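Here's the structure, in structure tokens; my notes come after.
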Amino acid sequence: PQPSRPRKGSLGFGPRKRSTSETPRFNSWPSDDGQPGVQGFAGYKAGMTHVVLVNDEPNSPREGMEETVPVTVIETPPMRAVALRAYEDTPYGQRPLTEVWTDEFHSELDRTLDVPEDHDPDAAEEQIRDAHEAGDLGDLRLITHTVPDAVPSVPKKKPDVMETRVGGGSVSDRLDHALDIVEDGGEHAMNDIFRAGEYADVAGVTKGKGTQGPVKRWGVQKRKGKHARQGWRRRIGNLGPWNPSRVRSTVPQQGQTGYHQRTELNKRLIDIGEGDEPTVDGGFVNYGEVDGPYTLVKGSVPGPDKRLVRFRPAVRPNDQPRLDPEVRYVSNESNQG
Amino acid sequence: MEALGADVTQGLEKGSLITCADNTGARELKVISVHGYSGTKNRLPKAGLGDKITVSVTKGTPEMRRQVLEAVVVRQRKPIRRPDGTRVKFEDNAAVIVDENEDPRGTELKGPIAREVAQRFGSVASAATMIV
Amino acid sequence: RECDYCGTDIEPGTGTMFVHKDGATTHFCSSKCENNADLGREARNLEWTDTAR
RNA sequence: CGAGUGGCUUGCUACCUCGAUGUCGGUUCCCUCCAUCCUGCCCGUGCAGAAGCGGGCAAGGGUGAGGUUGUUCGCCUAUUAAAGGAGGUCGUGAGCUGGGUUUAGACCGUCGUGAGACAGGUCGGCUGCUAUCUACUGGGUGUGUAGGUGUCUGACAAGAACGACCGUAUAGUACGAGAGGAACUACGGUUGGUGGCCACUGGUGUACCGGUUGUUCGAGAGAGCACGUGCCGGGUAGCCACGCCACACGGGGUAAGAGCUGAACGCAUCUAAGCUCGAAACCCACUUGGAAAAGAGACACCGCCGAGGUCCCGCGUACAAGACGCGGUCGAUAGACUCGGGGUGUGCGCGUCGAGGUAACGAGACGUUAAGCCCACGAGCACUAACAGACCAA
RNA sequence: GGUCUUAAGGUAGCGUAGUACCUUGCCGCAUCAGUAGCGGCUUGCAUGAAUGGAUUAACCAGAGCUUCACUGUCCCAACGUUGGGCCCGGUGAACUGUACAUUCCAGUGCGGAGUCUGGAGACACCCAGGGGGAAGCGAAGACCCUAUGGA
RNA sequence: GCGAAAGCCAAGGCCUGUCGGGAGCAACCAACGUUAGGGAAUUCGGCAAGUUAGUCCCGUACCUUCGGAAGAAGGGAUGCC
RNA sequence: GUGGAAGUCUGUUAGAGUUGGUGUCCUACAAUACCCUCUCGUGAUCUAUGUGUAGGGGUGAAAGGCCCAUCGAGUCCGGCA
Ligand SMILES: [Cl-]
Ligand SMILES: [Cl-]
Ligand SMILES: [K+]
Ligand SMILES: [Mg+2]
Ligand SMILES: [Mg+2]
Ligand SMILES: [Mg+2]
Ligand SMILES: [Mg+2]
Ligand SMILES: [Mg+2]
Ligand SMILES: [Mg+2]
Ligand SMILES: [Mg+2]
Ligand SMILES: [Mg+2]
Ligand SMILES: [Mg+2]
Ligand SMILES: [Mg+2]
Ligand SMILES: [Mg+2]
Ligand SMILES: [Mg+2]
Ligand SMILES: [Mg+2]
Ligand SMILES: [Mg+2]
Ligand SMILES: [Mg+2]
Ligand SMILES: [Mg+2]
Ligand SMILES: [Mg+2]
Ligand SMILES: [Mg+2]
Ligand SMILES: [Mg+2]
Ligand SMILES: [Mg+2]
Ligand SMILES: [Mg+2]
Ligand SMILES: [Mg+2]
Ligand SMILES: [Mg+2]
Ligand SMILES: [Mg+2]
Ligand code: NA
Ligand code: NA
Ligand code: NA
Ligand code: NA
Ligand code: NA
Ligand code: NA
Ligand code: NA
Ligand code: NA
Ligand code: NA
Ligand code: NA
Ligand code: NA
Ligand code: NA
Ligand code: NA
Ligand code: NA
Ligand code: NA
Ligand code: NA
Ligand code: NA
Ligand SMILES: [Sr+2]
Ligand SMILES: [Sr+2]
Ligand SMILES: [Sr+2]
Ligand SMILES: [Sr+2]
Ligand SMILES: [Sr+2]
Ligand SMILES: [Sr+2]
Ligand SMILES: [Sr+2]
Ligand SMILES: [Sr+2]
Ligand SMILES: [Sr+2]
Ligand SMILES: [Sr+2]
Ligand SMILES: [Sr+2]
Ligand SMILES: [Sr+2]
Ligand SMILES: [Sr+2]
Ligand SMILES: [Sr+2]
Ligand SMILES: [Sr+2]
Ligand SMILES: [Sr+2]
Ligand SMILES: [Sr+2]
Ligand SMILES: [Sr+2]
Ligand SMILES: [Sr+2]
Ligand SMILES: [Sr+2]
Ligand SMILES: [Sr+2]
Ligand SMILES: [Sr+2]
Ligand SMILES: [Sr+2]
Ligand SMILES: [Sr+2]
Ligand SMILES: [Sr+2]
Ligand SMILES: [Sr+2]
Ligand SMILES: [Sr+2]
Ligand SMILES: [Sr+2]
Ligand SMILES: [Sr+2]
Ligand SMILES: [Sr+2]
Ligand SMILES: [Sr+2]
Ligand SMILES: [Sr+2]
Ligand SMILES: [Sr+2]
Ligand SMILES: [Sr+2]
Ligand SMILES: [Sr+2]
Ligand SMILES: [Sr+2]
Ligand SMILES: [Sr+2]
Ligand SMILES: [Sr+2]
């Protein structure tokens, strides 16, 4: 009677093409509540290890017991909020109004941008504040970049640039909060934004697999039994009915799989430290050794080792925060074996 | 059902033949269905440690033979994961016949039982000689 | 914990426990050890083993 | 008894097609319909409760596994929230199958004088093609907007990104003589679906290490062949699922429905104007794409004798071409080497022992030896190679 | 019915059969569940004695059914191997072609339209792909009927 | 080795079952290796694949035209010195 | 015990054949091919050459099979435009 069955794969992540920017671009930000603050940070994926944790959950039958938890190690060195961009509200949505830059720039920021030699920070600030008085000011965001140089395992020296929204108290207060950071040199850290135990949304460009067929790319069945020996093994039944006389874009077909941007929600931060406590013996495979600012994210993170990953305070957390989980053990056992 | 306390990779399907670890007179049991389960197109219904299943008696005494009874999976060859990460696996696949109240039909259980199964079915546990 | 087969310590959050028919229990640190055991080899006769060493 | 709607059944007609539009059932894969089987929200009851029974809104999601039979249908079994029905050339053979139907062989029953027939049964019996256009999935090159780098906007577009269930507390409580026996809410888990990841478990791993059979290189050592590993055991990286991680709450507007105020109609009236509420459904929230959005966008800085870019060179977080990303001495980008980290399992040689044997000889054992051999990983290290150098450019 | 047509009126056996329409007959076996299979019953639509009946050890690339063993047939797919596929040098066909042709949704039309109508969408070119459509290509339909056709 | 069997190797013949170069070399296809747990649930039907296997010893049912059934079945052994 | 019969068994010995894969191929290597599986293999056996039977006629352990890629009546030319 032709049993029902959900379709193969989701239609919500298309088209399934190669990502335009290897640097992830958040398409949404946390709501304004607490004091002003940068709503995101970034780092480079190193690898995974596991840790034994004291069950934190107050509703768990195991509260207070040993629990082994998988962890992805991400190197999160200090970044530079190099500029403050203001958006104005218009009939056609938000549009960049102006930017307030700084004087101090990392020695190699010139590998990506044409660093400013002559700029007027006060004229920029002036225009912005006037926009606020006028009541045409849209959110406030900081132009941010990483310092790959601080990460030995990562070959690149060319910084990765991304814009990160600033939310918080009143606009006037966070506008001033924003200007404060920038001016210094923009240097800030993972600590300044996140605390172990909070939930973060991690975004990243997945591992690339080039061209793959329907079975692997969409999860369609392989031909079965006798149907697997006639000359068709990994090809779908048909491209559609007689009518409509065309192939709908919804039928599972071959193509690019991997290297797509993905935003994974509610990833618990198990620990934010610095040094080489998480490093594995022999070194993380295909990566290297960790000995500096790092973050331990519960579970998996999209992307291959060395790819830039971005953090953002969870915009739709399911559970309440249980700060600073107790870590009783961090495996440093070789990952080769 | 009440959380099991461990992750299970179902090692059994509908039609699987397993050991009846008790003294009811049933020696071999065939899995017919899995309580509370619902699969998907073409998927053979699966069962593992802790699941209550409907069974048919394949081997045993004439009186027990062919009767369709309820049972509880107590052991399986496919590994399971405990909170501390360790995997646990048994020498065989076995289940215990149980009544409408989940009380063992037999008087004695044969062989070890997973602690997790014991937590779920206490009366079954209070019949176990070995709980691992 | 130590591997009931080779003798080395079992990295926490690792290994498998095999529950014998009679209820006995054997904690294995790895597949390698499990597999040599399945072959009928006794840890003391295998030089690379802590037990042997 | 009367009035209709549908085009799922069947019949009718002969309008299209006989210089051919390949059958039924199944399968696989995609979209849809609602006359709703479940899930959400309601109304009534011959509604105490629990539960039935009937009705309304509602198509978001789900509707599964098996036994006979080619079967559709249907009968049957255990599960389930439920295991709804229908359209797409009775969707789907330039996709599959070939059981059935439907050639040529043969048999049975019936019919026929016979050849032979049967809208009966039965055994066997063939499935061509290198895609021109269009369509779509992904990937490039150009032109347009109109010197460069970086960052964005968001018209539009896609999503089910989430659906469902069990259990606990509520509570042996409300209700009820009892039997029986709820809910709001807060929790824990399972299942189906979805996206990603490999620390863990599992698979592979014709890298690698070991054992060993036959044969050839005289033996030994070390090797070839026995099919792309002779066979067997283990297994790194990597890739994987059987493994692991993540996938709301809340707003706004409504349907059925519950009501407020309220007249036409002094009263009454949920409705005529107005208003408070109210569905898994609608919009937003969330994810993904998206300056070719022709109103062809915004900001900042750099440059027009030079900003930037190309070729070139060393490479992969990338990859069928193309594209993409990183490094190039202001350097650790690749290789060598040495450590570290891994795999296998104790090398050659020699010495002792060794059932025996006059002796020769001798399978094998122990020691040397955590040995030997090996590594798609890491670090150190400029030793080798990223040199030399050509060119474009407002 | 307790003979009549047309001579006789089915005996031994076998029987729901490769013959039984009814039919998934009824009882039993076996299975969680068996339109199957086997045993029995049997009024046989329409079995039956060399149009041979019954039966049968041995034999069989003959048809159907059951069990033990085993397994990627399946749950549910993964990794690997060799040859292709992809890029480069050389060689170098064929099928097919009224014309135009970037289409999509509806409608209309000899009632099954890329070309008609109305809208919608649509910057050109190229690479790879699996084949939805061109009622795709290949063969003056083999089916059916017709011809004062053939064998 | 039972062997005019397999497999390996001589004498002898050949590199002409005659286009090459390149990409850890993707999808997809041909032919094939290895797959955890379940074990025919797949399918019209175990189709395909697999299981068993050589030799010796023990042992072998119904039925039978007394030939056979029969290698029934089932069990054990197997190298080297 | 001897003996060694058999349209006897196993057997890719030579040699003959072709159950299934509805595998590969299907502008083919090929107008009937390739691979694995499968059957026969002391006889009604297989095989070479010579020789005979001729078209409404042969030949046929019978399938309307075969008689030079064609046979429910060969091929060629003629009747014939
Ligand atoms: Cl299939
Ligand atoms: Cl079931
Ligand atoms: K026709
Ligand atoms: Mg590893
Ligand atoms: Mg390990
Ligand atoms: Mg199915
Ligand atoms: Mg007509
Ligand atoms: Mg056609
Ligand atoms: Mg309705
Ligand atoms: Mg009620
Ligand atoms: Mg829908
Ligand atoms: Mg059809
Ligand atoms: Mg078709
Ligand atoms: Mg066809
Ligand atoms: Mg074709
Ligand atoms: Mg048949
Ligand atoms: Mg005939
Ligand atoms: Mg047939
Ligand atoms: Mg019968
Ligand atoms: Mg007679
Ligand atoms: Mg004709
Ligand atoms: Mg005819
Ligand atoms: Mg005639
Ligand atoms: Mg397996
Ligand atoms: Mg089936
Ligand atoms: Mg077979
Ligand atoms: Mg002759
Ligand atoms: Na084929
Ligand atoms: Na078709
Ligand atoms: Na619905
Ligand atoms: Na059925
Ligand atoms: Na058709
Ligand atoms: Na079909
Ligand atoms: Na076909
Ligand atoms: Na078909
Ligand atoms: Na609402
Ligand atoms: Na007769
Ligand atoms: Na025969
Ligand atoms: Na396989
Ligand atoms: Na097509
Ligand atoms: Na040549
Ligand atoms: Na004699
Ligand atoms: Na054949
Ligand atoms: Na003639
Ligand atoms: Sr961004
Ligand atoms: Sr967006
Ligand atoms: Sr085929
Ligand atoms: Sr059409
Ligand atoms: Sr035609
Ligand atoms: Sr409706
Ligand atoms: Sr309901
Ligand atoms: Sr039909
Ligand atoms: Sr029927
Ligand atoms: Sr269909
Ligand atoms: Sr057939
Ligand atoms: Sr017939
Ligand atoms: Sr029939
Ligand atoms: Sr123009
Ligand atoms: Sr309850
Ligand atoms: Sr009671
Ligand atoms: Sr070889
Ligand atoms: Sr063997
Ligand atoms: Sr209303
Ligand atoms: Sr533009
Ligand atoms: Sr009679
Ligand atoms: Sr006979
Ligand atoms: Sr037009
Ligand atoms: Sr093609
Ligand atoms: Sr030679
Ligand atoms: Sr040549
Ligand atoms: Sr292997
Ligand atoms: Sr079967
Ligand atoms: Sr079946
Ligand atoms: Sr034997
Ligand atoms: Sr013979
Ligand atoms: Sr033979
Ligand atoms: Sr065939
Ligand atoms: Sr085959
Ligand atoms: Sr052919
Ligand atoms: Sr002989
Ligand atoms: Sr001929
Ligand atoms: Sr003529």
Side-chain angles (χ1 to χ4, degrees), chain A residues 3-4 6 10-15 17 22 28 48-50 59 70-71 85 93-99 112-114 116 119 143 155-156 161 163 206 208 210-213 222-227 229-232 234-243 245-256 259 262-267 281-283 285-286 288-289 299-300 302 304 306-307 316 318 331 334-337, chain B residues 1-3 9 11-16 32-34 36-41 43-45 54 56 68 77-79 81 85 87, chain C residues 13-14 16 32 35 47-48 53:
Chain A
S4 302
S10 172
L11 260 14
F13 300 80
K17 51 172 289 184
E22 192 168 302
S28 196
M48 292 186 82
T49 48
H50 60 287
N59 296 302
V71 141
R85 165 177 284 175
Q94 301 196 311
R95 295 195 173 180
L97 202 171
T98 28
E99 293 163 42
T112 324
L113 345 151
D114 288 307
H119 174 59
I143 304 291
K156 81 205 297 188
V161 185
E163 185 179 298
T206 64
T211 59
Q212 295 298 323
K222 300 199 312 178
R223 301 253 176 149
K224 298 301 175 182
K226 185 167 287 176
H227 303 305
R229 293 182 252 117
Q230 314 312 310
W232 295 258
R234 310 175 111 285
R235 302 181 190 180
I236 68 174
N238 66 270
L239 303 175
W242 197 309
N243 283 297
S245 298
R246 62 196 171 76
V247 178
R248 256 189 278 246
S249 58
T250 54
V251 334
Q253 300 200 64
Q254 155 257 64
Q256 246 290 322
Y259 203 72
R262 287 286 183 281
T263 296
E264 226 154 340
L265 282 30
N266 310 329
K267 294 293 190 190
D281 289 314
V285 184
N286 287 302
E289 309 178 317
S300 52
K306 299 180 187 174
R307 225 204 271 322
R316 51 180 291 188
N318 282 318
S331 181
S334 176
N335 276 357
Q336 307 178 65
Chain B
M1 296 200 275
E2 175 186 51
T9 296
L12 313 171
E13 313 191 325
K14 180 179 185 77
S16 298
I32 292 173
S33 293
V34 186
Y37 183 80
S38 176
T40 189
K41 186 184 171 186
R43 178 169 289 171
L44 321 196
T54 289
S56 166
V68 175
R77 295 197 172 100
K78 192 67 185 177
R81 181 169 58 74
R87 306 298 184 178
Chain C
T14 291
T16 305
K32 177 180 180 175
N35 293 314
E47 282 178 285
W48 56 268
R53 286 172 182 170

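So that the names make sense, note that chain A is the first sequence line, chain B the second, and so on, each numbered from 1.
- Between D:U97 and A:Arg229, no contact under 4.0 Å exists linking OP1 or OP2 to a side-chain N or O.
- Under the 90° criterion around 0 for the glycosidic angle, E:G9 counts as syn.
- For D:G95, the OP1/OP2 oxygens have no side-chain nitrogen or oxygen of A:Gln230 closer than 4.0 Å.
- The base of D:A248 is paired with the side chain of A:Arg316 by a donor and an acceptor separated by under 3.5 Å.
- D:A307 and E:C104 are spaced 47 Å apart, taking the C1' atom of each and rounding to whole Å.
- Taking atom CD1 of A:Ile236 as the reference point, atom P of E:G132 lies 8 Å away to the nearest angstrom.
- With its glycosidic angle more than 90° from 0, D:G178 is assigned anti.
- One N or O donor and one acceptor, one from the side chain of C:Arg53 and one from the base of D:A370, sit under 3.5 Å apart.
- A donor and an acceptor atom sit less than 3.5 Å apart, one in the side chain of A:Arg85 and one in the base of D:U151.
- A donor and an acceptor atom sit less than 3.5 Å apart, one in the side chain of A:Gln253 and one in the base of E:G130.
- In this structure, A:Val285 reaches the sugar-phosphate backbone alone: every heavy-atom distance under 4.0 Å involves primed, P, OP1 or OP2 atoms, never a base.
- A:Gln336 contributes no side-chain N or O that forms a donor-acceptor pair with the base of D:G342 under 3.5 Å.
- Phosphate contact (OP1/OP2 of D:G98, side-chain N/O of A:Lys226, threshold under 4.0 Å): present.
- For a distance-only test at 3.5 Å, the side chain of B:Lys78 qualifies as a donor-acceptor partner of the base of F:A36.
- Donor-acceptor pairing under 3.5 Å, judged by distance alone, is absent between the side chain of B:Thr54 and the base of D:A78.
- Taking atom CG on A:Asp114 and atom P on D:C304, their separation rounds to 12 Å, with Å as the unit.
- Side-chain to base pairing of A:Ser10 with D:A161: one donor and one acceptor N or O lie within less than 3.5 Å of each other.
- Distances shown here put every side-chain N or O of B:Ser38 at or beyond 4.0 Å from the OP1 or OP2 atom of D:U191.
- In terms of phosphate contacts, C:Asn35 brings a side-chain nitrogen or oxygen within less than 4.0 Å of OP1 or OP2 of D:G234.
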Could you pull out the protein-nucleic contacts involving nucleotides 332-335 of chain D (nitrogen or oxygen on both sides, under 3.5 Å)?
from, atom 1, to, atom 2, distance (Å)
D:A332, OP1, A:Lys157, NZ, 3.4

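- Under 4.0 angstrom from either OP1 or OP2 of D:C247 there lies at least one side-chain N or O belonging to A:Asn266.
- In terms of polar N and O atoms assigned as donor or acceptor, the side chain of A:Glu264 comes within less than 3.5 Å of the base of D:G195 in a complementary pairing.
- Judged by distance alone, with hydrogens and angles left aside, B:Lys41 brings no side-chain donor or acceptor close enough to the base of D:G192 to form a pair under 3.5 Å.
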